[PDB]
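A quick write-up on the structure given underneath.
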Amino acid sequence: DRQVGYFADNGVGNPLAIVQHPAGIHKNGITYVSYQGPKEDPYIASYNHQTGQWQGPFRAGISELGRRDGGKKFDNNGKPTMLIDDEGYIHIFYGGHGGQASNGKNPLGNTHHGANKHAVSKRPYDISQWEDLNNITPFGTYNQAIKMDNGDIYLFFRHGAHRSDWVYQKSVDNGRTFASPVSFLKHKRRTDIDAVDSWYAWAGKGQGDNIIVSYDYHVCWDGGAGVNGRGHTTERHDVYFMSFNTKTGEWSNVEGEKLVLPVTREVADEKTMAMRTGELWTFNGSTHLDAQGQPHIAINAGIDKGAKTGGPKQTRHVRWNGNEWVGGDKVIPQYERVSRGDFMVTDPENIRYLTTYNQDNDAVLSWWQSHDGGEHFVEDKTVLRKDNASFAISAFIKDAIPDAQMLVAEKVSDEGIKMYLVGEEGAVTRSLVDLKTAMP
Ligand SMILES: C[C@@H]1O[C@@H](O)[C@H](O)[C@H](OS(=O)(=O)O)[C@H]1O[C@@H]1O[C@H](C(=O)O)[C@@H](O[C@@H]2O[C@@H](C)[C@H](O[C@@H]3OC(C(=O)O)=C[C@H](O)[C@H]3O)[C@@H](OS(=O)(=O)O)[C@H]2O)[C@H](O)[C@H]1O
Ligand SMILES: [Cl-]
Ligand SMILES: [K+]
Ligand SMILES: [Zn+2]
């Protein structure tokens, strides 16, 4: 037997992403981790930090996205999101890419395929057996699950495919019943161009009873519209910020001005814009408050090179300094390829990304540190590096301890993808004999 760096070897497509978060959660010395496995089904494992023993991975549910007739080989937009409720049941949200006509008429957007799903562990703190609840709307993409101190659960998602509002559904009974969706970002026809307002949001905990939300805007072009009829692309621009007080129900911008829901593009441009990116195309990151309560934002952006996705995009850091939004500088200086990363912030000046990037054909995951509020980052220790690969990463694990902070997927082909749990220094190893016994 020997220790290997990966805890599973069956990921497919993009098995992780920052937008489906938490992908893993730490509680009482156990780190729970989830990712997308064969047929895009959600898999979950756990690591017991005191005993050194892994459990799983176990399949938590059955995704429609892995059983489509044709189309893209892997969809990936329904990789799993995790939450542990106040009774210890583990919830997995997964499988949605906006539903389809068989689920009903989507009242808050359009559809594509794959009904959004909700599984729960049969017993508290036991990841081995699962049951379907599917008590949320099937018209969902991009699950983001937040539990407040009183146990209330907010599930944020897009209520359909591109041309849909973003919403949350709230549960006060540990995820067993959800209230109807509440729209907080509006999709609608533009009155100036042949496009629909569309959005991508990242919601996470703020301080107290606040939830904070960063988002970029998608210019959702009609077919044949746009410059020289380029049609529908992934064109996205800019980044915005607002806050949600879960005690009062009210939303506000960084200055505390209250917003009427759902927020339209026109109000967002007036009230919640954080950083314009000009002609640069964006891919959203995440947001976190510093120790003075001021929001920091990771936003990826890059030059449009004419591709359907524009071109490669690099992570940039933005922050509220108490009076104005500042920043926009790249985390990795002079880098022009693809980078992604999540960050931690303490004092407003002190920001650390764990970021992935490529050097030649190799994948790198390393820490980058700023002490000047995000204008300059310097690379510190490398946590994982793999030749002839690229990394998909999770957001930082909820309540992470130093040994287990982020999940990584070593993309080589689009199946058989090795899955890693990494900490300050490197991977949380698993016995190979144990892994082979457990797989799948
Ligand atoms: C649901 C949409 O239905 C139709 O309108 C159409 O098929 C559309 O495709 S599109 O014209 O290319 O936009 C469908 O949209 C896809 O699903 C997503 C959605 O918003 O519904 C989108 O995916 C996000 O953005 C992608 C760029 C990303 O894809 C990864 O990253 C890149 C890249 O940066 O070049 C390329 C690969 O597609 C993939 O590695 C998605 O990530 S995921 O983990 O694969 O899910 C996701 O973040 C997007 O609009 C379409 O892919
Ligand atoms: Cl990119
Ligand atoms: K990502
Ligand atoms: Zn679109």
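Following the order of the structure tokens, chains are lettered A, B, ..., residues in each are numbered from 1, and ligands are numbered from 1.
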
Using only C-alpha atoms and all ligand atoms, determine which residues fall within 12 Å of ligand 3, then list them as a PyMOL selection string.
chain A and resi 14-21+23+76-77+79+142+202+282-286+298-300+313-315+338-342+355-357+391-396+407-409

Neighbour list for residue 431 in chain A as a PDB file with N, CA and C atoms, in the first residue's frame, cut-off 12 Å, only C-alpha atoms, skip fewer than 6 positions in-chain:
```
ATOM      1  N   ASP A   1       0.840  -1.201   0.000  1.00  0.00           N
ATOM      2  CA  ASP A   1       0.000   0.000   0.000  1.00  0.00           C
ATOM      3  C   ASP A   1       0.874   1.250   0.000  1.00  0.00           C
ATOM      4  N   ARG A   2       0.303   2.356  -0.461  1.00  0.00           N
ATOM      5  CA  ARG A   2       0.994   3.636  -0.458  1.00  0.00           C
ATOM      6  C   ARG A   2      -0.052   4.737  -0.445  1.00  0.00           C
ATOM      7  N   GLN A   3       0.360   5.904   0.033  1.00  0.00           N
ATOM      8  CA  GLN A   3      -0.527   7.052   0.076  1.00  0.00           C
ATOM      9  C   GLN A   3      -0.491   7.758  -1.272  1.00  0.00           C
ATOM     10  N   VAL A   4      -1.668   8.101  -1.790  1.00  0.00           N
ATOM     11  CA  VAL A   4      -1.757   8.918  -2.991  1.00  0.00           C
ATOM     12  C   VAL A   4      -2.433  10.235  -2.633  1.00  0.00           C
ATOM     13  N   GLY A   5      -2.233  11.226  -3.499  1.00  0.00           N
ATOM     14  CA  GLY A   5      -2.730  12.562  -3.217  1.00  0.00           C
ATOM     15  C   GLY A   5      -4.206  12.776  -3.468  1.00  0.00           C
ATOM     16  N   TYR A   6      -4.850  11.881  -4.208  1.00  0.00           N
ATOM     17  CA  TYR A   6      -6.247  12.035  -4.592  1.00  0.00           C
ATOM     18  C   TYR A   6      -7.113  11.069  -3.796  1.00  0.00           C
ATOM     19  N   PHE A   7      -8.341  11.494  -3.524  1.00  0.00           N
ATOM     20  CA  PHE A   7      -9.255  10.662  -2.756  1.00  0.00           C
ATOM     21  C   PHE A   7     -10.278   9.956  -3.632  1.00  0.00           C
ATOM     22  N   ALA A   8     -10.361  10.308  -4.912  1.00  0.00           N
ATOM     23  CA  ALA A   8     -11.254   9.612  -5.825  1.00  0.00           C
ATOM     24  C   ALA A   8     -10.722   9.827  -7.229  1.00  0.00           C
ATOM     25  N   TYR A  47     -13.483  13.057   5.088  1.00  0.00           N
ATOM     26  CA  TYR A  47     -12.189  12.777   5.678  1.00  0.00           C
ATOM     27  C   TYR A  47     -12.269  13.100   7.155  1.00  0.00           C
ATOM     28  N   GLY A  52      -7.678   9.950  10.408  1.00  0.00           N
ATOM     29  CA  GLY A  52      -7.022   9.830   9.129  1.00  0.00           C
ATOM     30  C   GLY A  52      -7.768   9.010   8.111  1.00  0.00           C
ATOM     31  N   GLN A  53      -9.028   8.676   8.354  1.00  0.00           N
ATOM     32  CA  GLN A  53      -9.731   7.741   7.491  1.00  0.00           C
ATOM     33  C   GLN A  53     -10.711   8.472   6.582  1.00  0.00           C
ATOM     34  N   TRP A  54     -10.729   8.061   5.321  1.00  0.00           N
ATOM     35  CA  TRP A  54     -11.709   8.497   4.348  1.00  0.00           C
ATOM     36  C   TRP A  54     -12.922   7.572   4.344  1.00  0.00           C
ATOM     37  N   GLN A  55     -14.075   8.158   4.064  1.00  0.00           N
ATOM     38  CA  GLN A  55     -15.305   7.447   3.757  1.00  0.00           C
ATOM     39  C   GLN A  55     -15.746   7.824   2.351  1.00  0.00           C
ATOM     40  N   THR A 437     -10.650  -0.054  -2.934  1.00  0.00           N
ATOM     41  CA  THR A 437     -11.766  -0.773  -2.333  1.00  0.00           C
ATOM     42  C   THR A 437     -13.048   0.051  -2.418  1.00  0.00           C
ATOM     43  N   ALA A 438     -12.948   1.355  -2.162  1.00  0.00           N
ATOM     44  CA  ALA A 438     -14.135   2.205  -2.088  1.00  0.00           C
ATOM     45  C   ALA A 438     -14.692   2.593  -3.451  1.00  0.00           C
TER      46      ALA A 438
END
```

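If one restricts the calculation to only C-alpha atoms and all ligand atoms, the set of residues situated within 10 Å of ligand 4 consists of residues 161, 162, 163, 164, 195, 196, 197, 198, 199, 218, 219, 220, 221, 222, 223, 231, 232, 233, 234, 235 and 236 of chain A.
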
Write down as a ChimeraX atom specification the residues of range 65-193 of chain A whose backbone DSSP state falls under helix (DSSP H, G or I).
/A:65-66,101-103

For the residues in that selection, give me N, CA and C atoms as a PDB file, in the first residue's frame.
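File result-v3.pdb, as written:
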```pdb
ATOM      1  N   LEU A  65     -28.729  15.180 -16.340  1.00  0.00           N
ATOM      2  CA  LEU A  65     -27.780  15.753 -17.293  1.00  0.00           C
ATOM      3  C   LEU A  65     -26.796  14.724 -17.834  1.00  0.00           C
ATOM      4  N   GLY A  66     -26.657  13.581 -17.173  1.00  0.00           N
ATOM      5  CA  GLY A  66     -25.766  12.540 -17.649  1.00  0.00           C
ATOM      6  C   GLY A  66     -26.447  11.508 -18.509  1.00  0.00           C
ATOM      7  N   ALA A 101     -39.526  21.490 -20.681  1.00  0.00           N
ATOM      8  CA  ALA A 101     -40.982  21.629 -20.792  1.00  0.00           C
ATOM      9  C   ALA A 101     -41.734  20.555 -20.012  1.00  0.00           C
ATOM     10  N   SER A 102     -41.162  19.346 -19.862  1.00  0.00           N
ATOM     11  CA  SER A 102     -41.854  18.300 -19.115  1.00  0.00           C
ATOM     12  C   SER A 102     -42.098  18.678 -17.651  1.00  0.00           C
ATOM     13  N   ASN A 103     -41.348  19.641 -17.103  1.00  0.00           N
ATOM     14  CA  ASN A 103     -41.503  20.020 -15.698  1.00  0.00           C
ATOM     15  C   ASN A 103     -42.612  21.036 -15.456  1.00  0.00           C
TER      16      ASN A 103
END
```

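Picture a line from CA of residue 305 in chain A to CA of residue 279 in chain A; it runs 11.1 Å.
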
Determine, counting only C-alpha atoms, which protein, DNA and RNA residues have an atom within 9 Å of an atom of residue 316 in chain A; residues of the same chain fewer than 6 positions away are not included. Present the result as a count of residues only.
12

Any idea what's packed within 10 Å of residue 165 in chain A, counting only C-alpha atoms, ignoring anything in its chain fewer than 6 positions away? Could you give it as a compact mmCIF listing (two decimals) with C-alpha atoms, in the first residue's frame?
```
# COMPACT_ATOMS: atom_id res chain seq x y z
CA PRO A 107 -42.94 31.39 -14.64
CA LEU A 108 -39.65 33.22 -14.00
CA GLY A 109 -37.50 32.36 -16.99
CA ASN A 110 -36.75 29.99 -19.85
CA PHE A 157 -30.04 29.92 -8.03
CA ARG A 158 -31.05 31.07 -11.49
CA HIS A 159 -34.72 30.13 -12.05
CA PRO A 181 -38.91 31.69 -5.00
CA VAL A 182 -38.19 35.38 -4.38
CA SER A 183 -36.67 37.19 -7.39
CA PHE A 184 -33.73 39.47 -6.65
CA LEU A 185 -32.35 40.00 -10.19
CA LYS A 186 -34.66 40.66 -13.10
CA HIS A 187 -34.41 39.32 -16.62
CA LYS A 188 -36.28 41.27 -19.27
CA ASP A 197 -30.89 41.18 -19.52
CA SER A 198 -29.21 38.13 -17.94
CA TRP A 199 -27.07 37.61 -14.86
CA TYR A 200 -24.64 35.43 -12.99
CA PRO A 262 -36.09 42.47 -8.21
CA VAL A 263 -33.12 44.60 -9.13
CA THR A 264 -33.06 45.61 -12.80
```

Of A:74, A:32, A:43, A:125, the one sitting nearest ligand 1 when using only C-alpha atoms and all ligand atoms is A:74

Set the distance at 9 Å and use only C-alpha atoms: which residues neighbour residue 160 in chain A once local chain neighbours fewer than 6 positions away are removed? I'd like the list as a ChimeraX atom specification.
/A:96-100,106,108-112,138-141,166

Enumerate as number ranges by chain all residues of range 176-297 of chain A assigned to strand (DSSP E or B) by DSSP on the backbone, naming them with the chain letters and numbers the document uses.
A: 182-185, 188-189, 195-205, 210-221, 236-245, 251-252, 258-259, 263, 273-275, 281-289, 295-297

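With distances taken over only C-alpha atoms and all ligand atoms, A:310 is the one residue among A:310, A:95, A:80, A:208 lying closest to ligand 1.
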